[PDB]
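K.L.:
Protein chains in written order, with PDB author numbering: chain a, 283 to 376; chain Z, 131 to 260; chain d, 176 to 350. The structure follows.
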Amino acid sequence: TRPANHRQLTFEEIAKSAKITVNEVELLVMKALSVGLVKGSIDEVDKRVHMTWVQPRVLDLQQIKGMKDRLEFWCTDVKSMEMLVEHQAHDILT
Amino acid sequence: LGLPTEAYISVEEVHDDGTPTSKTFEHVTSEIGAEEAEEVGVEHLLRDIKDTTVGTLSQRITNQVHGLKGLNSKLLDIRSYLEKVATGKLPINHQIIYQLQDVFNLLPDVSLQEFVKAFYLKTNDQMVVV
Amino acid sequence: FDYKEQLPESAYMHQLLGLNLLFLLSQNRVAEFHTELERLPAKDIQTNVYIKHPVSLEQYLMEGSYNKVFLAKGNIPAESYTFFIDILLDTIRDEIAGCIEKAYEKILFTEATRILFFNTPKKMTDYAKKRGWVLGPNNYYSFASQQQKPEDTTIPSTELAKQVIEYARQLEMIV
Numbered sequence: 283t284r285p286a287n288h289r290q291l292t293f294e295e296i297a298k299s300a301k302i303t304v305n306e307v308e309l310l311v312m313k314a315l316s317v318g319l320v321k322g323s324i325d326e327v328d329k330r331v332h333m334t335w336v337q338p339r340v341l342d343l344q345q346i347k348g349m350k351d352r353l354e355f356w357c358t359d360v361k362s363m364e365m366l367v368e369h370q371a372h373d374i375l376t
Numbered sequence: 131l132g133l134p135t136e137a138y139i140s141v142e143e144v145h146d147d148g149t150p151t152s153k154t155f156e157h158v159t160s161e162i163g164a165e166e167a168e169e170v171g172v173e174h175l176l177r178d179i180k181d182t183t184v185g186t187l188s189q190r191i192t193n194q195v196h197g198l199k200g201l202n203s204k205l206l207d208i209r210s211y212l213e214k215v216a217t218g219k220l221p222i223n224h225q226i227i228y229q230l231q232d233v234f235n236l237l238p239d240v241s242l243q244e245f246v247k248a249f250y251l252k253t254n255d256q257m258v259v260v
Numbered sequence: 176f177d178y179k180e181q182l183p184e185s186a187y188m189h190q191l192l193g194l195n196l197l198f199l200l201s202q203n204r205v206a207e208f209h210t211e212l213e214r215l216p217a218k219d220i221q222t223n224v225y226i227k228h229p230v231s232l233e234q235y236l237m238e239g240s241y242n243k244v245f246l247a248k249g250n251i252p253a254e255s256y257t258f259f260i261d262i263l264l265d266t267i268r269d270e271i272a273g274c275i276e277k278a279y280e281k282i283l284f285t286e287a288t289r290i291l292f293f294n295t296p297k298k299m300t301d302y303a304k305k306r307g308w309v310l311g312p313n314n315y316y317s318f319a320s321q322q323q324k325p326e327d328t329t330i331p332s333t334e335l336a337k338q339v340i341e342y343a344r345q346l347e348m349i350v
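This is how it looks when you write it as structure tokens:
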């Protein structure tokens, strides 16, 4: 459910969500990483667990609609930059 | 754009995750290689539009533009497929679709402070040489 | 100026001249003030009082001597001065407000009272609605939203890409 930009997770949200102590989230994310569903890293001074993903999941109609909207935004950005590049580099293009 | 050949192999399995079975044509990647005699034959056959293999700035820039065009085309095709799936005109695969989700997760997330500093450092390192 | 060599110079012009200079102080047109000062002869810059007063006021304003301006307000020889002196008071208060914006980041009302030469807190509520300075949790006006730290997180990229494109063009032009 993270917005894919602030992928870092704080300790308190994990403790309040899984209703577990703040000393157990560390071992829990360690176990999840060890199994092969997470490829992040663990910090302690700030205790923010860095997050990267290699374990996908099942989608849904609303999720598919939202994610195809995101893909449409991505393709629009790609097209805009391609147009800018061809316009600016018209003479050099050949 | 390219790749006028698509290689397909018949596979037969229970589809693992409990779905009705069918023939299906699993895709296998393809590429265009050449034998030395065929290589000299084709190079002499063109002899009028073959670009310089050294590249130079104009052809590198056109290669970059071609890459942007190809990426836009691929994203457009993927978006059309996703629209077909969402509208119900195509059934949700429920699998491989999450490999496209893996595409979505693999975004580098630029504007990160460390990445920005490293990017500026290398840009200046190239700019001084330029 | 055209007929200086033929017509005399009654004191009145100096008065008006000084007013003119002080006029620019009322309008913050300091550059025009210095040009007009250059127009006048060097002797009259420091000899004539009508020219001396705006020169001294601008010099005090140029070294941050706002207190010197406030105390020298009473050294004017005419009410024609007095009007532009009042306008200069508003202009100098605005200048002090701008300096406060650019220099500091948090400002206290009580010491700002001495800073801006306001004898009534409602005369500062005037700026609190005119300038609309945001009041903090502990009556501390915050200007950290003025300086800020932008452009250090997002790579321009597009502009740099256009610059690199121009480099390639200038390298590949036949000319």
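Idealized CB from N, CA, C, for every residue including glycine.
1. Using a Cβ-Cβ cutoff of 8 Å, what residues of the region 226 to 247 of chain Z are near chain d? List them in chain order.
2. Within 8 Å of any Cβ in chain Z, is that where the Cβ of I349 of chain d sits?
3. Would you decide whether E168 of chain Z is buried or exposed? Buried here means 16 or more other CB atoms lie within 10 Å of its CB.
4. I want to see whether chain d comes within less than 8 Å of residue 307 of chain Z, judged by CB atoms only; does it?
5. Would you list the residues sitting across from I139 of chain Z in a DSSP beta bridge?
6. Alpha carbon to alpha carbon, how far is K347 of chain a from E244 of chain Z?
7. Compare the C-beta of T329 of chain d with all C-beta atoms of chain Z and state if any pair is closer than 8 Å.
8. Quick one, which of d:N242, d:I251, d:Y279 and d:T257 has its alpha-carbon nearest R268 of chain d's?
9. With a threshold of 8 Å between beta-carbons, can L192 of chain d be considered close to chain Z, or not?
10. From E368 of chain a to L133 of chain Z, what distance separates their C-alpha atoms?
11. With DSSP as the reference, label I282 of chain d as helix, strand or coil.
12. Residues in the same chain with beta-carbon distance under 7 Å from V307 of chain a, minus the five sequence neighbours each way, listed in chain order, please.
13. Between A272 of chain d and the rest of its own chain, which residues show a CB-CB distance below 8 Å, the 5 nearest in sequence each way excluded?
14. Which value, in whole angstroms, describes the spacing of the CA atoms of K321 of chain a and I226 of chain Z?
15. According to DSSP, is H372 of chain a part of a helix, a strand, or is it coil?
16. If you measure from the beta carbon of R209 of chain Z to each beta carbon in chain a, is any gap under 8 Å?
17. Give, in chain order, every residue of the region 168 to 200 of chain Z whose Cβ lies closer than 9 Å to some Cβ of chain d.
18. Alpha carbons only, please: which of d:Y315, d:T329 and d:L264 is nearest the one belonging to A248 of chain Z?
19. Along chain Z, in chain order, which residues have C-beta atoms closer than 8 Å to that of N287 of chain a?
20. To the nearest whole angstrom, what separates the beta carbons of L310 of chain a and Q337 of chain a, a pair I think is in contact under 8 Å?
21. Can you pull out the residues from the region 155 to 168 of chain Z whose beta carbon lies closer than 7 Å to at least one beta carbon of chain d?
22. DSSP has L291 of chain a in a bridge; who is on the other side?
23. So, helix, strand or coil for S317 of chain d, using DSSP?
24. Classify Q370 of chain a: buried if its beta carbon has 16 or more other beta carbons within 10 angstroms, exposed otherwise.
25. Let me confirm a value: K350 of chain a is counted as buried when at least 16 other C-beta atoms fall within 10 Å, else exposed. Which label applies?
26. Using CA coordinates, which residue listed in a:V304, a:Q345 and a:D342 is at the minimum distance from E326 of chain a?
27. Can you name the residues of chain Z whose CB is closer than 9 Å to the CB of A336 of chain d?
28. Thinking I191 of chain Z and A336 of chain d are a contact (beta carbons under 8 Å), I'd like their distance in whole angstroms, please.
29. Output the residue ranges of the beta strand (DSSP E) runs that lie fully inside the region 219 to 247 of chain d and measure 3 residues or longer, sorted by chain position.
30. For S323 of chain a, which beta-bridge partners are listed by DSSP?
31. Would you say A247 of chain d and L232 of chain d are within 8 Å of each other, going by their C-beta atoms?
32. Skipping 5 residues on each side, what residues in its chain have a beta carbon closer than 7 Å to that of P229 of chain d?
33. What does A343 of chain d touch in chain Z if you count any residue whose Cβ is under 9 Å from its own?
34. Measuring only between beta-carbons, confirm whether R330 of chain a sits less than 8 Å from chain A.
35. Distance, Cα to Cα, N287 of chain a vs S299 of chain a?
36. Within 8 Å, do at least three Cβ pairs link the region 171 to 185 of chain Z to the region 150 to 161 of chain Z?
P.N.:
Checking against the coordinates, here is how it stands:
1. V240, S241, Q243 and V246
2. Residue mapping note: residue 349 of chain d aligns to position 174 of the third sequence, counting from 1. So no, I349 of chain d is outside the interface.
3. Walking along the second sequence from the start, residue 168 of chain Z turns up at place 38. So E168 of chain Z counts as exposed.
4. Because residue 307 of chain Z is not part of the residues shown, which for chain Z are 131 to 260, the question remains open.
5. Stepping through the second sequence from its first residue, residue 139 of chain Z is reached at position 9. DSSP output for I139 of chain Z lists Z:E156 as bridge partner(s).
6. Reading the first sequence from its first residue, position 65 is the one you call residue 347 of chain a. Reading the second sequence from its first residue, position 114 is the one you call residue 244 of chain Z. One C-alpha to the other measures close to 33 Å.
7. Position 154 of the third sequence, counting from 1, holds the residue named residue 329 of chain d. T329 of chain d counts as touching chain Z.
8. What you label residue 268 of chain d is simply residue 93 of the third sequence in a count that begins at 1. It is d:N242 whose Cα lies nearest to the Cα of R268 of chain d.
9. Numbered from 1 along the third sequence, position 17 holds the residue referred to as residue 192 of chain d. At least 8 Å separates the CB of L192 of chain d from every CB of chain Z.
10. Counting from 1 along the first sequence, the entry for residue 368 of chain a is found at position 86. Counting from 1 along the second sequence, the entry for residue 133 of chain Z is found at position 3. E368 of chain a and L133 of chain Z have their C-alpha atoms some 23 Å from each other.
11. Walking along the third sequence from the start, residue 282 of chain d turns up at place 107. For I282 of chain d, the three-state secondary structure derived from DSSP is strand.
12. Here residue 307 of chain a refers to the residue found at position 25 of the first sequence. Contacts found: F293, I296 and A297.
13. Start at 1 with the first residue of the third sequence, and residue 272 of chain d comes out as number 97. Same-chain partners within the cutoff: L291, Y302 and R306.
14. Here residue 321 of chain a corresponds to residue number 39 of the first sequence, with the count starting at 1. Here residue 226 of chain Z corresponds to residue number 96 of the second sequence, with the count starting at 1. Cα to Cα, the separation comes out at about 20 Å.
15. Reading the first sequence from its first residue, position 90 is the one you call residue 372 of chain a. Here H372 of chain a sits in helix by DSSP.
16. Here residue 209 of chain Z refers to the residue found at position 79 of the second sequence. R209 of chain Z counts as touching chain a.
17. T186, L187, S188, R190 and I191
18. The residue labelled residue 248 of chain Z in the question sits at position 118 within the second sequence. Comparing Cα positions, the closest option is d:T329.
19. Stepping through the first sequence from its first residue, residue 287 of chain a is reached at position 5. Going along chain Z in sequence order, the residues near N287 of chain a (Cβ under 8 Å) are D239.
20. Residue mapping note: residue 310 of chain a aligns to position 28 of the first sequence, counting from 1. Residue mapping note: residue 337 of chain a aligns to position 55 of the first sequence, counting from 1. Their Cβ separation, rounded to whole angstroms, is 15 Å, which puts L310 of chain a and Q337 of chain a out of contact at 8 Å.
21. none
22. Translated into the one-based positions of the first sequence, residue 291 of chain a becomes position 9. In the DSSP output, where bridge partners are listed per residue, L291 of chain a has a:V331.
23. Here residue 317 of chain d is taken as the residue at index 142 of the third sequence, counted from 1. Correct three-state label for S317 of chain d: strand.
24. Taking the first residue of the first sequence as position 1, residue 370 of chain a is located at position 88. When all chains shown are included, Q370 of chain a counts as buried.
25. The count along the first sequence starts at 1 and reaches residue 350 of chain a at position 68. Buried: at least 16 other Cβ atoms inside 10 Å.
26. By one-based count along the first sequence, residue 326 of chain a stands at place 44. The option with the nearest alpha carbon to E326 of chain a is a:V304.
27. As a position in the third sequence, residue 336 of chain d is number 161, starting the count at 1. Those do not exist, as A336 of chain d stays about 10 Å from chain Z at its closest Cβ, beyond 9 Å.
28. Working through the second sequence from its first residue, we reach residue 191 of chain Z at position 61. Working through the third sequence from its first residue, we reach residue 336 of chain d at position 161. Going by Cβ atoms, the distance from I191 of chain Z to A336 of chain d rounds to 11 Å, so no, they are not a contact pair.
29. none
30. Stepping through the first sequence from its first residue, residue 323 of chain a is reached at position 41. Bridge partners of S323 of chain a: a:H332.
31. Here residue 247 of chain d refers to the residue found at position 72 when the third sequence is read from its first residue. Here residue 232 of chain d refers to the residue found at position 57 when the third sequence is read from its first residue. Yes, they are a contact pair.
32. On the third sequence, residue 229 of chain d is found 54 positions in, with the first residue counted as 1. If we look at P229 of chain d and ignore the five residues flanking it on each side, its Cβ neighbours are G193, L196, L197 and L200.
33. The residue you call residue 343 of chain d lines up with position 168 of the third sequence. Here the neighbours are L187, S188, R190 and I191.
34. Absence of chain A from the displayed structure is noted, the protein chains being a, Z and d.
35. Position 5 of the first sequence, counted from the first residue, corresponds to residue 287 of chain a. Position 17 of the first sequence, counted from the first residue, corresponds to residue 299 of chain a. Rounded to the nearest angstrom, the two C-alpha atoms are 20 Å apart.
36. no
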